[PDB]
Structure formats: C-alpha cells, structure tokens
Amino acid sequence: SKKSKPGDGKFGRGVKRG
Amino acid sequence: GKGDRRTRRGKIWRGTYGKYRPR
Amino acid sequence: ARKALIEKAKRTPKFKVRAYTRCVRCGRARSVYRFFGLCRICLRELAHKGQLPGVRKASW
Amino acid sequence: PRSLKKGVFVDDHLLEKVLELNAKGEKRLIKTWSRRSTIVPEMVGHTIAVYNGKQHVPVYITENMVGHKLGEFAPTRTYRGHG
Amino acid sequence: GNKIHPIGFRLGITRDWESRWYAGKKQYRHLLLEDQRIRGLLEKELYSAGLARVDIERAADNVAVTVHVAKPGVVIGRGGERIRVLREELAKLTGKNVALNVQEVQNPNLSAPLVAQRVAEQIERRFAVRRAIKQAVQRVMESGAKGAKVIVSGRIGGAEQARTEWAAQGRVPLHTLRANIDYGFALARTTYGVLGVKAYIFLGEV
RNA sequence: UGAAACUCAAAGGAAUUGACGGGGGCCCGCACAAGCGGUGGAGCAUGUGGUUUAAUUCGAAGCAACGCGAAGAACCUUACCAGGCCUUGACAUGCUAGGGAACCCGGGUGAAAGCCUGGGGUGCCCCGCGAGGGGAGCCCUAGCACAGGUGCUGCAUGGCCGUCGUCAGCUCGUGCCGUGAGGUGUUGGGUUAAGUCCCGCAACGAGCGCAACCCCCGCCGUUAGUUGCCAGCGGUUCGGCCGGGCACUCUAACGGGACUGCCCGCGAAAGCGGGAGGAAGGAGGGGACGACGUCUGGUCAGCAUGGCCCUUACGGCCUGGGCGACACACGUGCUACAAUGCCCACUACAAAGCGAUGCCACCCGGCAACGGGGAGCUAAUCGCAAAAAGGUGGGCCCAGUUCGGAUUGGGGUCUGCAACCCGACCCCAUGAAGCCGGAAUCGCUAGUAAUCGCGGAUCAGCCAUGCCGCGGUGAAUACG
Ligand SMILES: [Mg+2]
Ligand SMILES: [Mg+2]
Ligand SMILES: [Mg+2]
Ligand SMILES: [Mg+2]
Ligand SMILES: [Mg+2]
Ligand SMILES: [Mg+2]
Ligand SMILES: [Mg+2]
Ligand SMILES: [Mg+2]
Ligand SMILES: [Mg+2]
Ligand SMILES: [Mg+2]
Ligand SMILES: [Mg+2]
Ligand SMILES: [Mg+2]
Ligand SMILES: [Mg+2]
Ligand SMILES: [Mg+2]
Ligand SMILES: [Mg+2]
Ligand SMILES: [Mg+2]
Ligand SMILES: [Mg+2]
Ligand SMILES: [Mg+2]
Ligand SMILES: [Mg+2]
Ligand SMILES: [Mg+2]
Ligand SMILES: [Mg+2]
Ligand SMILES: [Mg+2]
Ligand SMILES: [Mg+2]
Ligand SMILES: [Mg+2]
Ligand SMILES: [Mg+2]
Ligand SMILES: [Mg+2]
Ligand SMILES: [Mg+2]
Ligand SMILES: [Mg+2]
Ligand SMILES: [Mg+2]
Ligand SMILES: [Mg+2]
Ligand SMILES: [Mg+2]
Ligand SMILES: [Mg+2]
Ligand SMILES: [Mg+2]
Ligand SMILES: [Mg+2]
Ligand SMILES: [Mg+2]
Ligand SMILES: [Mg+2]
Ligand SMILES: [Mg+2]
Ligand SMILES: [Mg+2]
Ligand SMILES: [Mg+2]
Ligand SMILES: [Mg+2]
Ligand SMILES: [Mg+2]
Ligand SMILES: [Mg+2]
Ligand SMILES: [Mg+2]
Ligand SMILES: [Mg+2]
Ligand SMILES: [Mg+2]
Ligand SMILES: [Mg+2]
Ligand SMILES: [Mg+2]
Ligand SMILES: [Mg+2]
Ligand SMILES: [Mg+2]
Ligand SMILES: [Mg+2]
Ligand SMILES: [Mg+2]
Ligand SMILES: [Mg+2]
Ligand SMILES: [Mg+2]
Ligand SMILES: [Zn+2]
C-alpha cells in the first residue's frame, strides 16, 4: 500500500516504504 | 600462463611489477 | 529521491570520499563526463544542436 | 590490511566508552554501530552489542579474538539454507 | 526511431555552432554552464519576441551574446530601455561585461525554429492540427523556400490513441550534406499532454 | 414427398490490396556449402533465472533481455531494509509577524543526523557634538501560499533509441482504366551493389529513398621548418650533441589524381569480358549517413510531460545493513589443459591517446607492492614508456609436470574518515578441477579470422577478464 513494486495488495501501490 | 601472478607473464597481464617482473 | 540529491551533491561533504559528479543539466548520477559536467545523454543532446564549442560527430 | 604506518583503528568514541568503564569498575553492556572498529586488548571481557543492520548482537570478547573487527562477530545475512 | 538530427549532422559543412570559443580542459565546462544559463534567461524572457538563435561569443572575461529575434522592437523596448534591463540583468549572472547585440530576422517564414513555435502555438490554441501543418508548409514555399516539411506527434485533438501527422512540399534531401536545411523544434503543451513539432526548411544547396 | 420448435446477425457471390504456402520462376545476404578459430565440459570473472533474505531497490524478455541502463555500488552513490531523527522542510519563488540578523571561531549530548547551545559584530540613505529610532544585501523562530515524491500508468504522451534492413523499396500531381475498392506509372527485355542505368510502353513528370556532396586510409604537388627531421661538409665528452640545413621523414591545411577517360571484343543501348598507362580500376579499402512504415517494440528511473496517488509522510537528514545471499539453472567472457609449449637472462620494431592537490625523470631504502628524496613538463620539447608476440642464448623432457593457477594459511603495501560484511596490489606457503569437452552450438571472405601487447572514458581506490579505440604478426577456403 506504499511505493513501488511488488504490489502490496492495494491498487497501484507497492510494498516499499520510504 | 597469464593467470599466474608469480611470473613475468602474469605481471604483464595484471599490469603490475615486482620481484617476478621488476622495472 | 531526485531534488534533495541534486542539492546534496553540491554541499561540501563530511568527507572527501563522499564527493560525486552529477549532470549539471539533468541531474544524472551515472555516465557524467568531467570535461563537460554533463551526462552522456545531455552531451549528445547539446552536441547535435551545436551548442558545444568545437565538438563534432567524429568519423574515420 | 590497514597500513601499519598509520594507526590501529578504533572510532575513538567506542574506546572512550570502554576506558571509562575500565576506570569505574565495569561492566555495562556496550552498544555501538562501529563494526569497523578493531577489537583492542582493553576490550577483553566486556560484551559489546554490535549492530548487524537490524539488531545489536551481543558479543563477548576474549584474548583470542583481538586482531579482528567487531563486525566479524555479528553477521548480517540470516541464511539457514534452501530446501 | 531512426533519424539523425540534421544540424548536428551538418556542423562544419552547412552549420556553425551557437557558441564560438576555445577554452582549455580546466574551464571549458564552466563556460558551458554560463552559456546554457544565458540562453535559458533569453529563451525564458525573449520568447515573446520570437527568439530564433542565441549566438554566444567569447574572448576573455567579456562575452558577446547575439539574439536573433523576429520582432526586435519587443527586445529593445523604450529605446534601449528593455535591452538595458537585460543588458544589465545578464551581467547579474554573467559577471563579465555582457555585450548584447540584437539581429534582424531575414524572413521569419524561413526560420524553421519559428514555424515550429507558431504551429506549436496554434495547436496549443485548439486549432485543427492537420490544417496548421498544411498552412505552415504553404507559407514557407511562398517565401521562395525550395522545400519544407512539418511533423506533429502526440495526442492530436486529445485523441487517446496518439498519432503522427505530417505534410511536405518541394524537396528535403536529408541525406545530403550540401543541402542547407534549417531545422527547428517546438514543444506544444496542452490540457491532455504534450506534442512535438518539427519543422524542416530547405533553404537550398551550396 | 417433406415440416416445426429452437437458435443465430449473419450465411453467401464476385472482385481488390495484402499476408501466407511442405506452389512456380528470377535474384541476393558468412544463409548453407568450403575452411579457420571457438562456445556447450573445467576453474574463475560478470549478467540473468530461481530461490533465500529485515532488504537482497527498480527496470531490460526470442532474434532485437541476459559484461544490457551501470563510461566504476565499501560510506557517498542508493532509488532497498533496520534503527535514531526533521516538518514551509535539502531546493523554489511570494505574504506577513517577532528578532532585527549578515558571517567566521567554539561548546554539552549522541553512532551520526538532530536536540540544547556561546561567542563577537553589518553597511545601505538617513536626524548625527544627541538618546539613538528607522529602512535595507542576507541570516533566524513562528505562521502561511507552497515546495518534495527514482510512488503508478511507456496501454494517455514528447523526445531519444532498438528493429525489420543500407534491405530496394515507399509514394505523389495530372492523364488514362474501372460502378467501386483499386489499377496504371513502379509492369515488361536487358543492366546494376541499387526503383542504377538503357530500350520498350496510356502514360508524362515529380518527391522520399540509392548514388553524390562530408571524414579517415593509399600515390603526387604546393604552403610552411620548431619542440619534428639529418642527405652532404665543419666541429664532437661521440647524444642531431653543437655549426648549419629543411633535401628527406614527419606534422597539418589547401590542391591534383580514376571518368569505364583510352585500346580490343560483345551489345540496339545501358553495360559486360579483357588490355595499357598508372601508387591506386571498375563504387580503390573503411566510416558517417538508415525510406514510407512495422513491432499498442523500449524508456514515466536521464529529461520532459496529461491523468491517478502520498503530505509530522509514499517527503527529507543520519548511522548501520543490503544491492556482493546460494540446494540450483542459463547467457556473455577470462585462464587453461601444454613441447608450434612453459621458464630465466639479454636484445630489437608500433600506433593512438592521457598528463599542474597531474604524468613522474633520475637517486637511495625495501625480495617486492611501495616509501623517501627529487629534475623536467602549462607539454611534436618533459613524463606515462617497458610495447608484447619477436630475435639470441641457456633450462625443463612428456610427467596432472618447471603444464594450470583455482582454493586456503601467514605476512605486508596503498587509496580512503573507514577495506568485518565487501577493495586492488605485493611476497612466503599452499598448488584444486582441468588430458581438448554429450546432445547441441557461434564468429569470420583479407591486412579479415587467429594470436600479441598498448591506450582512454568512468575513477580516491577498485572487484575491467567489460566497453570504445590503437597498431604488431598474419593465414585457410568459397566448387557451387
Ligand atoms: Mg523480488
Ligand atoms: Mg501480498
Ligand atoms: Mg526516503
Ligand atoms: Mg565516489
Ligand atoms: Mg558520477
Ligand atoms: Mg482536469
Ligand atoms: Mg470466394
Ligand atoms: Mg559452416
Ligand atoms: Mg568449450
Ligand atoms: Mg562454462
Ligand atoms: Mg531475482
Ligand atoms: Mg533484478
Ligand atoms: Mg518502473
Ligand atoms: Mg563496475
Ligand atoms: Mg546510507
Ligand atoms: Mg548505500
Ligand atoms: Mg510504445
Ligand atoms: Mg515513445
Ligand atoms: Mg516494460
Ligand atoms: Mg515491399
Ligand atoms: Mg492519378
Ligand atoms: Mg472514371
Ligand atoms: Mg490511382
Ligand atoms: Mg513497388
Ligand atoms: Mg510496387
Ligand atoms: Mg502501384
Ligand atoms: Mg501490375
Ligand atoms: Mg545497396
Ligand atoms: Mg515506363
Ligand atoms: Mg597518415
Ligand atoms: Mg618545401
Ligand atoms: Mg547515401
Ligand atoms: Mg507494450
Ligand atoms: Mg519522469
Ligand atoms: Mg508521469
Ligand atoms: Mg548486480
Ligand atoms: Mg553450465
Ligand atoms: Mg569476463
Ligand atoms: Mg562460457
Ligand atoms: Mg599506463
Ligand atoms: Mg598437482
Ligand atoms: Mg584427473
Ligand atoms: Mg605446477
Ligand atoms: Mg609455472
Ligand atoms: Mg590471508
Ligand atoms: Mg572492503
Ligand atoms: Mg599431457
Ligand atoms: Mg575445441
Ligand atoms: Mg561480407
Ligand atoms: Mg595465449
Ligand atoms: Mg585496457
Ligand atoms: Mg579507474
Ligand atoms: Mg570480488
Ligand atoms: Zn544529463
């Protein structure tokens, strides 16, 4: 639900956090 | 051979000097 | 991580070793030519415009 | 290895933390991020919590682990195999 | 995507640099930065005048910027008083005595950079993109040009499916070096995204 | 003889442009064949899959992804993870309010960042014998507008690139043919590397392409003659070193020179075979140059950019970690398995480049990496520099070896704040697999392949065996 790939299950958003 | 650091051949390859190839 | 790294490379660092080039045109960290202060892309862009003194597409 | 013409490296902020402890009758548990620091004979018998990037691994210090950096005793990859 | 930039292809044969100076390895770049910085100022400020070519000349601690603007009255101002406001503001970043000439444009419909900017303008102004191509190429040929070509790319009309539209008259020998081909580019911003405008004028061979 | 329920938004005819064919004809490309060296096996270098991991940031995917973005990941880079921190913020403009600062020296704490902090002293135009209050470069505390985002969509985009393919092709204007799509021209005979050119023709022209103009190499001229050159005489510590000289070599600008120009032969012509002069001959070798288009090809992570999304956090600083993991699998490579070889000493011959916190002569210390001294060079002058295979001479004697140099122990050097993860190099010791590689498979038609070394970009250093160049030596074979 955060920045880039892979996806965290929310649309558009990924697992990487800042 | 060129992989042999302990020869005048291997120092010519790795471009280094030493006992086995001085200058 | 773009603009705050454009700035950071300018700042004089806590240590000599932490210095690094950036393209002064686009900000690129990689493929930065010392002579121009430019990455290999901006180099090819400004060249083809003739905005680069004396630079000319080589051939031989 | 580090040119012995130069020093023997300790960040100087971890060393201070030790000498103090030596003075007042140590030992507190020492945490630090200086994996690059060398194990120095003053350290022997302390336990230094070394950072592995995630946690402070506690490390006991004996006479035979003295030539080394502290990072040698707190590995950073947790592997446990394939299968 | 294949084709070579027709000006970078003719440098030394039909085309002269926008910067003339020798400088040594030790300070070339620092001159280049000012050079790029200078043009930024003037393309930023003198766009309204119809900027076409910023020639930058250097000898030593005195630099000789030369603008090529379509309507030079928009540059000079109240009798040298706009030119002044920038003949000064140039030294404000230059540090050197920034001698600033303004040069007439022989015929704007023979300056590819301008044709571009004007078509780019029209498509930024919601005109029929196909029409503007066939019109610009008409105006250029009327002006005795020996061939002219214009190229638009992006979301023409805001059509979701991007496209490429062009039109060409006369002849444009891109593979010929002795052909004098003024080539300019303009960039067209809109509410739906960006479009690229390319203008090729055959001025004739040498 | 001959239905219906039910179900579909088509089922069809001819003809058009394409694409395709284990249809035809005519051509071509290291396409096969003919050859020469390799890959596939080994060990290692690097990229990738997969898996693992707190993270192993993200992208590239048959040819055309895989030493690709990466022309330099220890920190930086860095976009990832853990932890400690900042909230108009690292940066932009602009509005206030309170200090009223500007900027250079400190200090307590802490891993640093940060939090708390302690010094001095600002013009600007001013009323100045005055208290001095303003205003203003530019700093700071709070408050706003706003900054910030390598978060997503390359199936919304510009730009740039890949690719078919340097393949010979793609079209248009008018005329003509057809109800029309479309056709003609561009087809046909001959020719060429080529829609190159000739001849023919309901077509006649024209544009994008091909060629040409540009660059390097090959011969000659002019112009120059130092830092380059030394033919011939004068010196000489015998070094073009000094006298001199610019002939030559070269260097770097401007020209000449090849056009099927000439002779023979074929031909309607274009051209084609052969000959002569000639340094060079049929485009002299090489490069730069890439048609209309194709692939919803690649890039939102260089940049630009519409829309979507985050706002004490999907932003920003810091320390450490990771990008270097490893049951495995593939790719591109390096080094080899040896005697046409390996080793030691001695001695020859390049080209292109780089070089003022740079190249380092030379001198001493050290087995050495290096260190210390120390001249010259803003470099046709001084240096990197020795080229290496070669040639001469000695040693090895067919052995897992004096072949191979992986792995590991120990001891050093240097760059760097710092080499545990995770640097290069040096010396002692160690001395693995490998005996020419299964099915399979790649490159090259000549100064090419193979083999030899040299340089540069990036760059403190370097994981470069990679990449882009440079010259040395120099083959085999093409019937078709
Ligand atoms: Mg993954
Ligand atoms: Mg999930
Ligand atoms: Mg961040
Ligand atoms: Mg760096
Ligand atoms: Mg860089
Ligand atoms: Mg809207
Ligand atoms: Mg049919
Ligand atoms: Mg074959
Ligand atoms: Mg093999
Ligand atoms: Mg292998
Ligand atoms: Mg993976
Ligand atoms: Mg990956
Ligand atoms: Mg992405
Ligand atoms: Mg690298
Ligand atoms: Mg960090
Ligand atoms: Mg990092
Ligand atoms: Mg696309
Ligand atoms: Mg695109
Ligand atoms: Mg993709
Ligand atoms: Mg075709
Ligand atoms: Mg017609
Ligand atoms: Mg009709
Ligand atoms: Mg027609
Ligand atoms: Mg055709
Ligand atoms: Mg056709
Ligand atoms: Mg046709
Ligand atoms: Mg036909
Ligand atoms: Mg051809
Ligand atoms: Mg015809
Ligand atoms: Mg030459
Ligand atoms: Mg002469
Ligand atoms: Mg051409
Ligand atoms: Mg796609
Ligand atoms: Mg972007
Ligand atoms: Mg975007
Ligand atoms: Mg990697
Ligand atoms: Mg394998
Ligand atoms: Mg390799
Ligand atoms: Mg291999
Ligand atoms: Mg060197
Ligand atoms: Mg053995
Ligand atoms: Mg064996
Ligand atoms: Mg052996
Ligand atoms: Mg040996
Ligand atoms: Mg060791
Ligand atoms: Mg290391
Ligand atoms: Mg044997
Ligand atoms: Mg073999
Ligand atoms: Mg060929
Ligand atoms: Mg060999
Ligand atoms: Mg090299
Ligand atoms: Mg380097
Ligand atoms: Mg390594
Ligand atoms: Zn750039």
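Throughout, a chain's letter reflects where its sequence line sits, starting with A, and its residues are numbered from 1. Values below: every heavy atom of this structure, side chains too, minus hydrogens, waters and symmetry copies.
Under the 6.0 Å distance and 45° angle rule, B:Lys11 does not count as a cation-pi partner of B:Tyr20. By the 6.0 Å and 45° rule, B:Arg23 stacks over the aromatic ring of B:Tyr17.
The side chain to side chain donor-acceptor pair (under 3.5 Å) check on E:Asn2 picks up nothing, with sequence neighbours excluded. For the ring pair (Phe, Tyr, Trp, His ring centres under 6.0 Å) test, residues two or more places apart in sequence or in another chain that qualify with D:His56 are D:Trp33, D:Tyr51. Among residues two or more places apart in sequence or in another chain, the side chain to side chain contact (heavy atoms under 4.5 Å, CB included) test is passed with C:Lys10 by C:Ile6, C:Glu7. Evaluation of the side chain to side chain donor-acceptor pair (under 3.5 Å) rule for E:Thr164 yields E:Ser153 as partners, not counting sequence neighbours. With sequence neighbours left out, D:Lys54 forms a side chain to side chain contact (heavy atoms under 4.5 Å, CB included) with D:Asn52.
For the side chain to side chain contact (heavy atoms under 4.5 Å, CB included) with E:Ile133, the lone residue among E:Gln122, E:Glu165, E:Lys149 that qualifies is E:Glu165.
E:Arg15 places no side-chain N or O within 3.5 Å of a backbone atom of E:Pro6 that could act as its donor or acceptor partner.
Closest approach of D:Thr62 to D:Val44, counting heavy atoms only: C-CG1, 3.5 Å. Residue E:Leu51 comes nearest to E:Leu46 through the heavy atom pair CB-O, 3.4 Å, listed as atom of the first residue, atom of the second, then distance.
The salt bridge (charged side-chain N to carboxylate O under 4.0 Å, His left out) contacts involving residues 35-51 of chain C comprise C:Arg25-C:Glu45, where partners must be two or more places apart or lie in separate chains.
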